[PDB]
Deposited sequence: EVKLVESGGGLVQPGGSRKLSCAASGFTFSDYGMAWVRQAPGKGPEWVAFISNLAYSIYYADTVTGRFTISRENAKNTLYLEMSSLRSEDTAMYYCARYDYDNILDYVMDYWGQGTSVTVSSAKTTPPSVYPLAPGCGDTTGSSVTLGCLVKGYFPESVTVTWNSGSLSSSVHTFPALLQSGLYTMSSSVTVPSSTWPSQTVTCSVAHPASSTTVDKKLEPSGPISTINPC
C-alpha cells in the first residue's frame, strides 16, 4: 500500500529554519508529482508547494515563495522541504502528499502522510500558575485555572484520578504568548466541602506539579 512518512518538524524561533523530509514507499516514486500541504489549528488545509515527478516543474503558494525550497531525490524515494525565515504564521501540521495522474496532468492529492508538526514561537518554557476555582444546589461545580504556560502539554488530575467522569478539560488557548486552559469537576454537595477535592496539575516540560486544594470561600 502507498505510505508517506514525514519528519523534521520541531519548535524554532522566528527567523529560524527547518528541513522536512518525507519518505515514500509502495509506489514507483519517480512516476508521481508530490506536494507539501500545511494545516494550522482549526483551519482547513493549505497547499504549500509542488514538484513534478522528474522535477521539471516546481510551484509555490504565495505565502511561502522566496522562503521555502521543495526538492526530491528519486533514488532515495524522499521528498524535501527546506524552510527559512520562519514566522509564527508558519506554525502548522505539515503534510507530504502524492499527486495522482492519468495522462499529462497531476490532478488530485490522493495519499497523505500523518504530518510533521512545526511550531514557530519565541516563548520560553514557563510553568503554569494554578488557580483554584471555588464558589465564592444538589451538585457543586469546581475548577482549576491553568494559566500562562508553554509548551502545551499539561495534565489536570482530580483526587488522584478517582474523580474523572464528572470532569471537563477545556482546550488550551494562546494569549500573551502563552497557553491557558481550565478543568471543571462536578460533585454532589454532600461530598464537598464535606470531603476534600484537589486538582493536580502536571507540566512535564517545566518539571512542575502543583496540587491545589479547593477551599470554600
Check: Could you give the ranges of the deposited sequence that carry no C-alpha coordinates?
Finding: 137-141, 223-231
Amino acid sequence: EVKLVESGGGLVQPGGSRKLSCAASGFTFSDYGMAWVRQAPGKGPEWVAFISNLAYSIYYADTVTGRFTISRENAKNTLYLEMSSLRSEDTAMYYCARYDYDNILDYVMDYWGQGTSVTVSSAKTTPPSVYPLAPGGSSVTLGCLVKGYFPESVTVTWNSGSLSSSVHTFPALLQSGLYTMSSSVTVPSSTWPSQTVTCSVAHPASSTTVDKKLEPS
From here on, numbers count along this sequence of modelled residues.
Note to self: Using only C-alpha atoms and the B-factors in the entry, which stretch averages higher, 94-102 or 70-78?
What the structure shows: 70-78
Checklist line | Mean C-alpha B-factor comparison - 31-39 and 181-189, higher one | finding: 181-189
Note to self: Just the C-alpha B-factor column, please: which of 25, 17, 207, 21 has the biggest number?
What the structure shows: 207
Notebook entry, point to check: With respect to the C-alpha temperature factors reported in the PDB entry, which of 51, 174, 167, 48 ranks highest?
Noted result: 174
Notebook entry, point to check: Split the chain's modelled residues into thirds by Cα B-factor; is residue 132 in the lowest, middle or highest one?
Noted result: middle
Next item on the list: Pull the Cα B-factor of residue 5 out of the PDB entry and bin it into the chain's lowest, middle or highest third.
Entry: middle
Margin query: Where does the C-alpha B-factor of residue 144 rank in its chain, lowest, middle or highest third?
Written below: middle
Notebook entry, point to check: Within this chain, which third does the Cα B-factor at residue 201 fall in: lowest, middle or highest?
Noted result: lowest
Check: Compared with the other modelled residues in the chain, in which third is the CA B-factor of residue 108?
Finding: lowest
